[PDB]
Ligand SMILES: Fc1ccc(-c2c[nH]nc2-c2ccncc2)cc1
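Presented as structure tokens, the chain that follows is alone, the form solved without this ligand.
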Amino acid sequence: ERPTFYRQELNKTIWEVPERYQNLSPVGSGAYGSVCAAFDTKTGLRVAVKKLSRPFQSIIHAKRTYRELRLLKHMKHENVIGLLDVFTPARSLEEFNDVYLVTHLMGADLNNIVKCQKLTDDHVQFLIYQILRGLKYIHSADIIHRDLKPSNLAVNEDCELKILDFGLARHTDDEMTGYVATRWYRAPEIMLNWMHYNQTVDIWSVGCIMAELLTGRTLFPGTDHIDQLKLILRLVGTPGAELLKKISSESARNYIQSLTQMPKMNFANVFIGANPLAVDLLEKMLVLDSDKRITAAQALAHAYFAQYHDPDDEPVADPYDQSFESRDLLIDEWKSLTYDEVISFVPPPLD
């Protein structure tokens, strides 16, 4: 039952893959892992094959490997990335070192859609509808994506959308620093490690993305964390008394209280020309108090999506057992857990 593998070196990396994958072409490397595009002869699909870099190099990296695999094996939804395959060339746990993941090859992401194309309001409705449908699913499993931004959303020629890679390993400090797209969609409460936070951080991200689709420009293109905060508070207003209570870092409170009080702006005067319903939705997403932000299931029922909303076709997820997150194991234990997950993988049907 084990398939036959063949080897080849591409840009100083050995790839050993099942024969079913053909015409491997390097596509990139850095998000630690090399990625090749290939043709999968068994499904007829163009696929991206990611070879993980040093998956069990430390406890941290081994747990991260486990976490990514568990998450990708769970996601089964039209608007979310899933796993077509996962494999290793090893024939036993004792020689298990390398892990390859396989998913659908995506073309365009939303960034180059917003940069290269004029979207109508109908396109904005459809794109945002699909992000919220996918996010309803994700959140119903008690998973937080954490890294929703246009480059993480694949969009095909029919404007059909998929949410791609989850924020799994926290980004390094340096890659969130300065004038960088990496931070522009992040919710204020997690911009610094200064509050604990919920699923609705992803809803803030969606509001930022929706605003950019509507204007064609970044809503909060901050030059650093503090510049970005000031852009945010200028739009949504400074926190009142109700909300300053709920903040618990004293140092955060203390900086926040140094700021001059600003009222919430009028969104109809920021988003000139936009559908009044879109503006209404944005006001419900872009709220500082994260307890009061609209949820994805709530947002799907908003009147802006009246032409796409179907309550019998917005599925929720099977339960996702995340108890491993609180568990402490050695490298070889994490690794053996990963091996069982590779070995038990069962592919999606061609129907």
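Rigid core (definition): largest C-alpha set, two forms, superposition within 1.5 Å. Each residue number is its position in the shown sequence, starting from 1.
Heads up, the form deposited with this ligand bound isn't pictured, but that's what we're talking about next.
- Contact check for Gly207, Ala268 and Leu281: none of the three has a heavy atom within 4.5 Å of this ligand in the bound PDB entry.
- Using a 4.5 Å cutoff between non-hydrogen atoms, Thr295 does not count as a contact of this ligand in the bound PDB entry.
- Looking at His123, you'd find every heavy atom of it more than 4.5 angstroms from this ligand in the bound PDB entry.
- Using a 4.5 Å cutoff between non-hydrogen atoms, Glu189 counts as a contact of this ligand in the bound PDB entry.
- Proximity of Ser290 to this ligand in the bound PDB entry: non-hydrogen atoms within 4.5 Å are present.
- The chain is drawn here without this ligand; in the bound PDB entry, the stretch among 114-122, 246-254, 210-218, 273-281 whose residues come within 4.5 Å of it by any heavy atom is 246-254.
- When you look in the bound PDB entry, the only residue of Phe96, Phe87, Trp184, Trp194 with a non-hydrogen atom within 4.5 Å of this ligand is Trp194.
- Residues of 217-239 lying near this ligand in the bound PDB entry, listed in sequence order, are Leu229, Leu233, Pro239, the criterion being any heavy atom within 4.5 Å.
- When two forms of a protein are overlaid on their rigid core, residues whose CA moves 2 Å or more are considered shifted, and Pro26 is one of them between the shown form and the other one.
- With the core held fixed, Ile343 shows a CA shift below 2 Å between the shown form and the other one.
- Core-superposed comparison between the shown form and the other one: the CA of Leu10 exceeds or equals a 2 Å shift.
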